[PDB]
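Each ligand, and each atom within it, is numbered from 1 in the order the structure gives. Computed from heavy atoms alone, side chains included, the values below leave out hydrogens, waters and symmetry copies. Chain letters run A, B, ... following the sequence lines, proteins first and then strands; every chain starts at 1.
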Amino acid sequence: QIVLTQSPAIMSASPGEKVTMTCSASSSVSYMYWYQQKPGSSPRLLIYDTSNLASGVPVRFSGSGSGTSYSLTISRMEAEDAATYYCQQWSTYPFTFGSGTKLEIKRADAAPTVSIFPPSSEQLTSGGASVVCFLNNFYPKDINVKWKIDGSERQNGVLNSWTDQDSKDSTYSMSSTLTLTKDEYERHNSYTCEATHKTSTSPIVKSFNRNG
Amino acid sequence: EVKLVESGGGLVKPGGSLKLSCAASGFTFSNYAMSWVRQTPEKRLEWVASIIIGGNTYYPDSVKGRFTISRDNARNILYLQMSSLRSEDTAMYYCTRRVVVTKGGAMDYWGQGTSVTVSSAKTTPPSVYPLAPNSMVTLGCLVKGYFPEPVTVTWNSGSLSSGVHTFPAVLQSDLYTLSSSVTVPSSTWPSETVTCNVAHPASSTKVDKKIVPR
Ligand SMILES: O=C(O)[C@H]1O[C@@H](O[C@H]2[C@H](O)[C@@H](O)[C@H](O)O[C@@H]2CO)[C@H](O)[C@@H](O[C@@H]2O[C@H](CO)[C@@H](O)[C@H](O)[C@H]2O)[C@@H]1O
């Protein structure tokens, strides 16, 4: 019944900067705990009993608070610290969790590397034709993708998926798939993937002709 | 060398049952209290069971009467027996070790998780398609129309680590689709072989598809 509300829900910090996140509670709790979950991984304990560093945890991590209000602090932000941070409360009815603060590292702006792939011959023999576009290793995260079929925009049948900030180089990647039947695919010739990112004022374009 | 390996996950129809297990190594199992915590598809964390020194067990209201936690201090295994499941029980199930010296309670090691899906939809294996088209070249692999999650994608039986990332699955009404990409030097491919190895545990499927030029 004690609700933990973390803020802000997303935040972004430059390298070497100091960062603080907050956990406000619906009423008093005895102790607060902090966990870190990197993309693809299991949660990891950072701070226990509101202010104690858990074994193995770098010294730049700190906790405090009391009553209904608690915080976690990173004194000097580093790239390996990009992750989602959760608080958890102990009290007479313990073990409710906050929703998470997602923390990204700022890095140098990077333009996407764009690739487009026509359907495989295996897919065509079953009557299907997926056209796939990868947009790899960009920063910042905000990006738009346009599909053009024979020079005109197409919006139906399009599915996007985005990755998390890579822990290694801190970039983002994106996938866009346009799924058609073999028959719709063979009634057009030019397929084009159009990416607009703030790193460039004109769009990055890749394309193929079905009969080339 | 503390290790927690969960297993038992899968797909269940609503109202069925399932038993999870967790195999612990590298510490004196019997000396520690243990918990199960799950992460939902929206990524909220949710405590579901504890067993504490002395054998007392505790559960939140939404699972009381349906879940039962227990332990085997001989072979160092933790269990979660789940019964009368509902669609809201779909999650990643983690097993955790409880901190010993604390004024409260907290979980100082987590396993890697075992995935549970509760749904009337039917198990369906994936179709796997190759993505073939500069000093570097990008190749890929399309994994279309499976249920439930997850699928596992590797490149050249793990031989390729850098240059690989896999996009989260997207669910299109009852079937998942995902894609995986890898980048290699132009002088590596096509003169050598690139294969994506896909595994789907739910359906007992394992395919290896070669990427070939056009
Ligand atoms: O571990 C748990 O999940 C339960 O822990 C109980 O506290 C234990 C603690 O784990 C031990 O380390 C210590 O030695 O003894 C404590 C004995 O209390 C909590 O009491 C329990 O919290 C909740 O308690 C309610 C009654 O107070 C009960 O209604 C809740 O169902 C129970 O979750 C906690 O769950």
Ignoring hydrogens and angles, write down the donor-acceptor pairs under 3.5 Å from the side chains of residues 110-128 of chain A, residues two or more places apart or on other chains.
| from | atom 1 | to | atom 2 | distance (Å) |
| --- | --- | --- | --- | --- |
| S120(A) | OG | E122(A) | OE1 | 3.4 |
| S120(A) | OG | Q123(A) | N | 3.2 |
| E122(A) | OE2 | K209(B) | NZ | 3.3 |
| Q123(A) | OE1 | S130(A) | N | 2.8 |
| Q123(A) | NE2 | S130(A) | OG | 3.0 |
| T125(A) | OG1 | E122(A) | O | 3.1 |

Can you give each donor-acceptor pair under 3.5 Å made by side-chain atoms of residues 163-175 of chain B, sequence neighbours left out, with the distance rounded to 0.1 Å?
| from | atom 1 | to | atom 2 | distance (Å) |
| --- | --- | --- | --- | --- |
| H165(B) | NE2 | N136(A) | OD1 | 3.3 |
| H165(B) | NE2 | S181(B) | OG | 3.4 |
| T166(B) | OG1 | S180(B) | OG | 3.3 |

Which protein N or O atoms sit under 3.5 Å from any N or O of ligand 1? Give each pair with its distance.
| from | atom 1 | to | atom 2 | distance (Å) |
| --- | --- | --- | --- | --- |
| ligand 1 | 1 (O) | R98(B) | NH1 | 2.7 |
| ligand 1 | 1 (O) | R98(B) | NH2 | 2.8 |
| ligand 1 | 3 (O) | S50(B) | OG | 2.8 |
| ligand 1 | 10 (O) | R98(B) | NH2 | 3.2 |

ask   = Where the side chain of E6(B) meets the backbone of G113(B), is there a donor-acceptor pair that is under 3.5 Å apart?
value = yes

key: Identified ring-ring contact (aromatic ring centres under 6.0 Å, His included) partner of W90(A) from the options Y31(A), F95(A), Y70(A), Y33(A)   = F95(A)

request  = In plain terms, say whether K198(A) and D142(A) are close enough for a salt bridge, that is, a side-chain N and a carboxylate O under 4.0 Å apart.
outcome  = no

Which side-chain N or O atoms in residues 12-28 of chain A pair as donor and acceptor under 3.5 Å with protein atoms at least two apart or in another chain?
| from | atom 1 | to | atom 2 | distance (Å) |
| --- | --- | --- | --- | --- |
| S12(A) | OG | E104(A) | OE2 | 2.8 |
| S12(A) | OG | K106(A) | NZ | 3.4 |
| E17(A) | OE1 | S14(A) | N | 3.0 |

